[PDB]
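A lone chain, given as structure tokens: the form solved without this ligand.
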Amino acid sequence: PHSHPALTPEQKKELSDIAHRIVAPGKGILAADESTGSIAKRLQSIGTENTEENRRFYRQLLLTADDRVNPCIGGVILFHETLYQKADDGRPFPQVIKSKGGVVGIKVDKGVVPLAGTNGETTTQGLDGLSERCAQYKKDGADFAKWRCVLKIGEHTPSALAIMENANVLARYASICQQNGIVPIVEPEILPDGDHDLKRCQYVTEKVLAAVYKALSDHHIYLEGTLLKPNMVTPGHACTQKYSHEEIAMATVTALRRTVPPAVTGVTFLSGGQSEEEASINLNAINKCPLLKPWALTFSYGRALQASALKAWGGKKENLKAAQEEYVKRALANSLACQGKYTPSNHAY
């Protein structure tokens, strides 16, 4: 029952200022941190060989887009490899991002592993040596980080063990990040797979997020220096009932209002399986929801910002500006959506 402060006032200020910079009005996050296994599939989807040089070129493609994205992008998440690559002009990518007014982020988790005794559930590893990696990433230009936990809605899932363990590892990761001046993004993703309906996803999301923020409290996490990266509340991919974007927005906002303390600086949704345009409408509806939302509601999009750019690129160097244009389109679209400015019964929740 006695306080042994984890952070000084100066440390708290740095973390709060970083978090606010990332989700400042009209701004969101580009998730360009696809692991080397995940980036392989993207390149194979456009028949391009997965070489370090192709990965560098594609990342450079997104980071050097014209200055129209500067007011759209508050932060860019990178994979380890990309953090130490350089643009053609010799500038390290963290410097490119900074010079366009962005914060640099680093994904630090090491993937999921199975939880024995469960119905195919997982936790996430990566805590070993994390403090030294974070101190190193801080030196090399990173100011926030990402850690992804995965949960699945099934007949017996997510179980009490899975929720508790994923919530606990998220808190540990957040604790280590804040000790090294890094803002942790807490991502408890509930997959959209299955035939569950909207209200079931809302129920599960509410139970996961309540576990998350109890754990963050237990581990003394400074919420003003955190961000939340949740799934939107949506029906399962295999659900037959159809829902309006207004219903998606109402259920999403409702789940957050019931679990996310106001001290959290911002919520940066993941797009999941949504299409580029679907992810922009939904995010816009969420910001038009009449209910009171005491946190920034913006984006941390990977595919929903890159899908078109990747295809217009096709691996051909001469399609550089055509691909950048598709990326700039989505960045401008979602900069409007996270302000509710995008145009192409609460008791029931």
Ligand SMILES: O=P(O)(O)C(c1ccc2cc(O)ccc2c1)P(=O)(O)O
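From 1 onward, residues are counted along the sequence shown.
Not pictured, yet referred to below: the form solved in complex with this ligand.
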Open or blocked: this ligand superposed from its pose in the bound PDB entry, cut-off 2.4 Å to backbone or C-beta:
open
Even though the partner isn't displayed, in the bound PDB entry is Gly26 close enough to this ligand, meaning a heavy atom within 4.5 Å?
no
Hey, in the bound PDB entry, is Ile281 touching this ligand, heavy atoms inside 4.5 Å?
no
Using a 4.5 Å heavy atom cut-off, state whether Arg56 contacts this ligand in the bound PDB entry.
no
Does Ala296 reach this ligand in the bound PDB entry, with heavy atoms at most 4.5 Å apart?
no
Taking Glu34, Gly302 and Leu310 together, does each of them reach this ligand in the bound PDB entry with some heavy atom inside 4.5 Å?
yes
Answer key, this ligand contact in the bound PDB entry at 4.5 Å (heavy atoms) among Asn50, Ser45, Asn70, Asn319: the residue is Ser45
